[PDB]
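Here we start with a single chain on its own, the form solved without the ligand, put down as structure tokens.
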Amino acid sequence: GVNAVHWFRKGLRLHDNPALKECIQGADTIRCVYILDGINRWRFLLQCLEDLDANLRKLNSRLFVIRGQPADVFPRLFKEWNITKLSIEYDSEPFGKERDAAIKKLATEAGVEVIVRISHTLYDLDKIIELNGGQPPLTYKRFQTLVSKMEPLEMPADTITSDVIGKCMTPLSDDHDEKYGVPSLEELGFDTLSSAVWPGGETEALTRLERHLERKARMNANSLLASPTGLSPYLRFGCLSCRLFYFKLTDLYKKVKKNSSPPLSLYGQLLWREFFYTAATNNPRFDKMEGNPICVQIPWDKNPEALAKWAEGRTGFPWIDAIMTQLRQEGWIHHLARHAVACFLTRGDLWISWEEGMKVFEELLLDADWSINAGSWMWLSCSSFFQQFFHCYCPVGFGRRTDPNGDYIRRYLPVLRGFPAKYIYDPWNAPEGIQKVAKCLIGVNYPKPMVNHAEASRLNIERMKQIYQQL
């Protein structure tokens, strides 16, 4: 008698799920569980779980959602259900490893075989680190070189279908909706908001992938807005398999461009994601400055007033404030906009730790998990990965060059809708008569800029230089 449990954490999908596929094989019963320990991230999650539950329902099964801590939950589940097999998608993240090692111990005690399969990343990250001699690579270029030395990527596992399940079944009681149902936002305590710009789930992910490949078959102002074929949140939650994406990308290139040796540039989004997971996996202090062996020690200031102005879009720099408003409202911003607000907060203008901007993004950004968010923030503040710090993004000019008309500003900061393009990125320079026509007095209706960028950035660039030896 083989009673199996698959434990969803990431990998919130039925396609390319090797762990769930292996767990079902030879099983007499299967139950899939999700254990629930910023409003936009919670909504996306719950929408992923609703979609998972729906698709399981098509297979005469159901998702089992449980509120609690895994170490306090699984031993009683093992006992009641007489479990002999538990499957998980491998989690490279350091605190995920530690959680999963505790569960593996509990599982062995209960006589439960633990199935673990890699499918959140393109590669076995431990193999990359071994090829590099026991440390992760500290430059992106070195990482790409190592990747080119890996064996060819694993093909996606077969999708879980009725045929796959076979005679394996799921016991269900009439009170499943009450006992094991996906909670609502209200039920978590949220005051609920218009429909999400980024709807969660595998079903959404797969249609987006197709249209993304069709479109793929150049920056501009429109790139700042959420794309209906954007894929990054679905990759972070596991709604979309990165290996399916990679394989589809390769196949399309070969058909369209008649070549079977594509560039590494083709997978740039996927590989930068892989780079940060590799860097993070053996470093439990990856998300800190102090005690983090790869992070340059930089004397950031503590400044809660300034941090709050940045976090809340009240800096008085419209380009910065609009980005942080779009982020709070919708949960995604363009990678160039991340550069802008990360440099402003850290090395550029406010000289505040990347750890504090990381905390804000963790609450708000749909595609930022522990490894990606920490790695990204160290990258953008020039704290690791040998990033260049001699240039500082201009919190007026970069936006003016990205959206010269200023529509993005007017869109996310309606209080500034009345300014002409001439002043939309620097409204403090607008004559009083313009401010009156705009019905926005700078310093009253919209804050004046919190710093003198030319002066602050000049000093911060010199200060960063003087950290290192002069030659």
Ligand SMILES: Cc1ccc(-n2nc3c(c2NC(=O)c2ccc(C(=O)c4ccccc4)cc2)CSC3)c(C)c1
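Counting begins at 1, following the sequence as shown. For the two forms, the rigid core is made up of the largest set of C-alpha atoms that agree within 1.5 Å on superposition.
Do a third or more of the other compared entries leave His391 out of the model? Other entries vs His391: at least a third skip it.
Other entries lacking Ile372, at least a third: Comparison shows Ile372 kept in all of the other entries.
Residues without coordinates, deposited sequence, stretch from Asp37 to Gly38: is the count none, 1 to 3, 4 to 9, or 10 or more? Missing in between: 4 to 9 residues.
In this entry, is the chain continuous from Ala308 to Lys309, or are deposited residues missing in between (none, 1 to 3, 4 to 9, 10 or more)? Missing residues, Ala308 to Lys309: none.
When the C-alpha temperature factors are averaged for each of 6-14 and 445-453, which stretch ends up with the higher value in the entry? For C-alpha atoms only, the mean B-factor is higher in 445-453.
Residue stretch of maximal mean CA temperature factor, 363-371 vs 261-269: Between 363-371 and 261-269, it is 261-269.
Tell me, please, which of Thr325, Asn283, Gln297, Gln135 has the highest C-alpha B factor according to the deposited entry? Highest C-alpha B-factor among the listed options: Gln135.
Sort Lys141, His335, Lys149, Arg243 by C-alpha B-factor from the entry and give me just the highest. Most elevated C-alpha B-factor of the set, per the entry: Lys149.
Lowest, middle or highest third of the chain for the C-alpha temperature factor of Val437? Highest third of the chain for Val437's C-alpha B-factor.
Which third of the chain holds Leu235 when residues are ordered by C-alpha B factor: lowest, middle or highest? Middle third, going by the recorded CA B-factors of the chain.
Please say which third, lowest, middle or highest, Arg215 falls into when its CA temperature factor is compared across its chain. Highest third, going by the recorded CA B-factors of the chain.
Record-listed C-alpha B factor of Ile66: chain third: It falls in the top third of the chain.
Where does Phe190 sit by CA temperature factor within its chain: lowest, middle or highest third? CA B-factor rank for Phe190: highest third.
Not pictured, yet referred to below: the form deposited with the ligand bound.
Joint contact, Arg338, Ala368 and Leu380 to the ligand in the deposited bound form, by non-hydrogen atom at 4.5 Å: Every residue of the candidate spot has a heavy atom within 4.5 Å of the ligand in the deposited bound form.
Check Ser87 for me: does it contact the ligand in the deposited bound form (non-hydrogen atoms, 4.5 angstroms)? No, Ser87 sits far enough from the ligand in the deposited bound form that none of its heavy atoms falls within 4.5 Å.
Please check if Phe389 has a heavy atom lying within 4.5 Å of any heavy atom of the ligand in the deposited bound form. Result yes; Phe389 sits at the interface with the ligand in the deposited bound form.
Does the ligand get within 4.5 angstroms of any non-hydrogen atom of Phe361 in the deposited bound form? Although the ligand is absent here, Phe361 would touch it in the deposited bound form, with heavy atoms inside 4.5 Å.
Spell out, yes or no, whether the shortest heavy atom distance between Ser376 and the ligand in the deposited bound form is within 4.5 Å. Output for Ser376 is yes: heavy atoms within 4.5 Å of the ligand.
Can you pick the one in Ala306, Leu146, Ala157, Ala342 that has a heavy atom within 4.5 Å of the ligand in the deposited bound form? The residue from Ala306, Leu146, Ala157, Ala342 that makes the contact is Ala342.
Just to confirm, with a 4.5 Å cut-off on non-hydrogen atoms, which of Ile118, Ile83, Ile372, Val396 contacts the ligand in the deposited bound form? Checked against the cut-off, the match is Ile372.
I need the one stretch from 271-279, 312-320, 68-76, 247-255 whose residues put non-hydrogen atoms within 4.5 angstroms of the ligand in the deposited bound form. Going through the listed ranges, the match is 271-279.
Could you run down 25-64 and flag each residue that has a heavy atom within 4.5 Å of the ligand in the deposited bound form? Nothing in the stretch sits within 4.5 Å of the partner.
Rigid-core fit between the shown form and the other one, the member of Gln388, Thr108, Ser184, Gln297 whose C-alpha shifts 2 angstroms or more: Between the two forms, the residue that moves is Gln388.
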